[PDB]
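Reviewing the structure listed below.
Each answer follows from the model by the rule given with it, or from the source it names; no laboratory read-out is quoted. Cβ: placed from backbone, ideal geometry, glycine included. Neighbour counts: every protein chain shown.
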Amino acid sequence: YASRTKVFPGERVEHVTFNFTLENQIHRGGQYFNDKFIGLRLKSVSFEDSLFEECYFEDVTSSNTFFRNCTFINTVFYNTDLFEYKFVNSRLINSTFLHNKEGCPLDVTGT
Amino acid sequence: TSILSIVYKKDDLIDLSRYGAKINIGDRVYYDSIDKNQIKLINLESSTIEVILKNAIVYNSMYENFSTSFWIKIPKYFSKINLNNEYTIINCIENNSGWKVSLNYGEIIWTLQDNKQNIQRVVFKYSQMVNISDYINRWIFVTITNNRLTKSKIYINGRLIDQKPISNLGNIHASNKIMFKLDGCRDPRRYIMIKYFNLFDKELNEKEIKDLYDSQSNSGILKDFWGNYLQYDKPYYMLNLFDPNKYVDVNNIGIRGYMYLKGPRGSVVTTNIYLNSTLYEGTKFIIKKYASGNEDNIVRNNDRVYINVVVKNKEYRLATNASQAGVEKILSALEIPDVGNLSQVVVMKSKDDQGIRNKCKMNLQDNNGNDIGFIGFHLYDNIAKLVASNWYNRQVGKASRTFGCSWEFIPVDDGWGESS
Ligand SMILES: *[C@@H]1O[C@H](CO[C@@H]2O[C@@H](C)[C@@H](O)[C@@H](O)[C@@H]2O)[C@@H](O[C@@H]2O[C@H](CO)[C@@H](O)[C@H](O)[C@H]2NC(C)=O)[C@H](O)[C@H]1NC(C)=O
Ligand SMILES: *[C@@H]1O[C@H](CO)[C@@H](O)[C@H](O)[C@H]1NC(C)=O
Ligand SMILES: *[C@@H]1O[C@H](CO)[C@@H](O)[C@H](O)[C@H]1NC(C)=O
């Protein structure tokens, strides 16, 4: 499985509402400005060295997903299960979590 | 007993004491609309309040006791530019001797200096990772008493917070001039608010300090979450002190529908700076005049009012059916013209029967002037449904601990910065 992981080094998304369902990906060095993430599932998706800056996360279901060395600025996490263990060595600035989904406080896998 | 006391008057600031201290005010000092007796200072050079005493009251003695008291409202520190940045807000130092009041990240500092440059500092520390704070962006009654023989003490809201011996300090010669201005603050978007600055020539005891706290609290008028006047025709988010992780919500609109406490609350975070709880969650509560004889918009004690509930940007009315089963009358949100004769008039309370100041309580009443009871919450099958009950009145009569009948009104404030 780990042998099939796709990697996208370097991305610059700006002003788009962007949903999906992606599995087994790694994003490294992305830079998102004023983006909307509505109703997306994340399985084994890892964001690395990213910047989110006035982003907006709504109805996000996360299955083994992490944000490492990521920076969030004026972002909103509305109705998402992105708990505090999915931000590894991150920095949030003026970020807001609202209507957090119910779930475990530790990564339990969603097989 | 008071030597300096800055209060407001007709488009100026004066000193009530019989000394007539000259006050010089910058061209960028602001005032509130409603309580113009509260003063705002921002981070510029023109934001200046300069008060000058007389030579007959200059602190230059060996064992003279003195005290000061004031109210301060400090906004939330938002970024890491605010860390390790002690800035002075009140200054009384000439030739490296005197007293000063300074603020740092989550601190209020009292400092003394003698002519031998000895430093004694007394600090009140408030955390900013707390879920709900009593000090961030809320009015604080700060009073400092200095006993030249024993020790120096800082009092927050009437209670002793810190004390440090000052017996080693020998001679303090404070300045003739007192300066109210931010000094040394690297944040260009930083300000404070102060009100009711008083000076005394004796160390006040706990009795005198509590008397002063109560006298300056204006117990006859309701206060909102930030400690300002409560006002009609203004949206307020609602916080229950007994269960502060939940916010008022409705599910339906009508006689059948009910309003309850839903949770948990969200959070607003800036890593390593603040991890508070969201205060702009739930349904707003507008208060409308019913029988207020006062011309102003201020909500005072025993004012019979109406309560409008803002649901989906439309106004509804907070009422109950008095004649129902049980003691707990469940609160519901109704069409404003379709309320009929349902009990809606709320008597707003600021202080108790004995006059002891407490938080906001709402007393739902019918058209016959009969007390349905204090508005609170009662759990039905694990739903904390909002009710009006006389049980709270019974505990108040028995001087028991009422559970859930005390509320806070939270408007949108610039000093909190939450994204609504
Ligand atoms: C973090 O936010 C504060 C508060 O600003 C509010 O909250 C933001 C999330 C956003 O919704 C703003 O539009 C809100 O007004 C910022 O401090 C204020 O910033 C405004 C400009 O945005 C400025 O006019 C004020 O003077 C600032 N007030 C104070 C007390 O500093 C702050 O800048 C944000 N943090 C960072 C690091 O930029
Ligand atoms: C969500 O994703 C699907 C497929 O990825 C897309 O067709 C749909 O338009 C998206 N939702 C919205 C609101 O655009
Ligand atoms: C991510 O890369 C390294 C940490 O491995 C760090 O030096 C860098 O500043 C990080 N980038 C951001 C935007 O935080």
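Mind checking whether some residue in the range B:58-74 is closer than 22 Å to B:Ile14 by Cβ and out of contact with any strand residue (DSSP E or B) (no Cβ under 7 Å at 6 or more places or on another chain)? Yes. Only a single item in (1) in contact with a helix residue (DSSP H, G or I) (Cβ under 9 Å, 6 or more places away or on another chain); (2) farther than 28 Å from B:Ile52 by Cα; (3) among the hydroxyl-bearing types (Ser, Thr, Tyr) is not met by B:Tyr155, and it is number (2).
Within the range B:43-53, none of the residues are away from ligand 3 (no atom under 16 Å from the Cβ), part of a loop (DSSP other than H, G, I, E, B) and within 21 Å of B:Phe141 (Cβ to Cβ).
For the structure I just gave you, tell me whether B:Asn131 is within 14 Å of chain A (Cβ to nearest Cβ), among the polar types (S, T, N, Q) and surrounded by fewer than 18 Cβ atoms within 10 Å (Cβ to Cβ). The answer is yes for B:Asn131. Keeping to the range A:42-87, report how many residues are of a type in the set (D, E, K, R), more than 23 Å from A:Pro9 (Cβ to Cβ) and within 16 Å of ligand 2 (Cβ to nearest atom). Of the residues in the range A:42-87, 2 are of a type in the set (D, E, K, R), more than 23 Å from A:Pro9 (Cβ to Cβ) and within 16 Å of ligand 2 (Cβ to nearest atom). Would the range B:174-184 turn up any residue that is within 16 Å of ligand 1 (Cβ to nearest atom), aromatic (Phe, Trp, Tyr), touching a residue at least 40 places away in the same chain (Cβ under 8 Å) and part of a strand (DSSP E or B)? No: zero hits.
For every residue, the table says whether it meets (1) over 26 Å from the mean Cα position of the chain (by Cα); (2) assigned to a strand (DSSP E or B).
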residue	(1), (2)
B:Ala56	yes, no
B:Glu64	yes, no
B:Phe70	no, yes
B:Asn85	no, no
B:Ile90	no, yes
B:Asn96	yes, no
B:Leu103	no, yes
B:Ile109	no, yes
B:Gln117	yes, no
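Of the residues B:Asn96, B:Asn91, the single one that is free of Cβ contacts under 8 Å to residues at least 40 places away in the same chain and more than 14 Å from chain A (Cβ to nearest Cβ) is B:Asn96. Across the range A:7-46, the number of residues qualifying as among the charged types (D, E, K, R) and either within 16 Å of ligand 1 (Cβ to nearest atom) or within 16 Å of A:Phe66 (Cβ to Cβ) (or both) comes to 4. Just for the range B:341-365: of the residues that are among the β-branched types (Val, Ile, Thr) and out of contact with any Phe, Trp or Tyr (no Cβ under 8 Å at 6 or more places or on another chain), which one is farthest from B:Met238 (Cα to Cα)? Checking each candidate, the answer is B:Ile356.
So that you can scan it fast, the table gives a plain yes or no per residue for (1) within 14 Å of another protein chain (Cβ to nearest Cβ); (2) outside any strand (DSSP E or B):
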| position | (1), (2) |
| --- | --- |
| B:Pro235 | no, yes |
| B:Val269 | yes, no |
| B:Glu281 | yes, yes |
| B:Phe285 | no, no |
| B:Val305 | no, no |
| B:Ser323 | no, yes |
| B:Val327 | no, yes |
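Let's see how each residue does on (1) within 16 Å of ligand 1 (Cβ to nearest atom); (2) buried (at least 19 other Cβ atoms within 10 Å of the Cβ):
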site: A:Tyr56; (1), (2): yes, no
site: A:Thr65; (1), (2): no, yes
site: A:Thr75; (1), (2): yes, yes
site: A:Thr80; (1), (2): no, yes
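Contact map, the range B:285-311: residues that are acidic (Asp, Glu) paired with residues that are surrounded by 15 or more Cβ atoms within 10 Å (Cβ to Cβ) and part of a loop (DSSP other than H, G, I, E, B), Cβ distance under 7 Å, separation 6+ or inter-chain. Pairs shown: B:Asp303/B:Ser292. Elements of the type strands (runs of 3 or more DSSP E) sitting completely within chain A and holding at least 2 residues that are in contact (Cβ under 8 Å) with a residue 12 or more places away in the chain, within 13 Å of another protein chain (Cβ to nearest Cβ) and within 16 Å of ligand 3 (Cβ to nearest atom): these cover A:71-73, A:91-93.
Among all positions in the range B:242-259, there is at least one residue which is in contact with an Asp or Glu (Cβ under 6 Å, 6 or more places away or on another chain) and either buried (at least 16 other Cβ atoms within 10 Å of the Cβ) or within 14 Å of chain A (Cβ to nearest Cβ) (or both). Screening the range B:344-365 for residues that are assigned to a loop (DSSP other than H, G, I, E, B) and out of contact with any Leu (no Cβ under 9 Å at 6 or more places or on another chain) and picking the one that is surrounded by the most Cβ atoms within 10 Å (Cβ to Cβ) gives B:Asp352.
No other residue among B:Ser133, B:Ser152 is of a type in the set (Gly, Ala, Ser), in a loop (DSSP other than H, G, I, E, B) and outside the structural domain of B:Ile273 (by TED's automatic domain parsing) apart from B:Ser133. Contact map, the range B:12-31: first residue among the aromatic types (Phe, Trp, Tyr), second residue part of a loop (DSSP other than H, G, I, E, B), Cβ cut-off under 9 Å, separation 6 or more or different chains; pairs are B:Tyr19/B:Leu53; B:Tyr19/B:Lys54; B:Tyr30/B:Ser47; B:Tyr31/B:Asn37; B:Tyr31/B:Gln38. Scanning the range B:172-188 finds no residues that are within 20 Å of the chain's Cα centre (by Cα) and not hydroxyl-bearing (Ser, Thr, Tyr).
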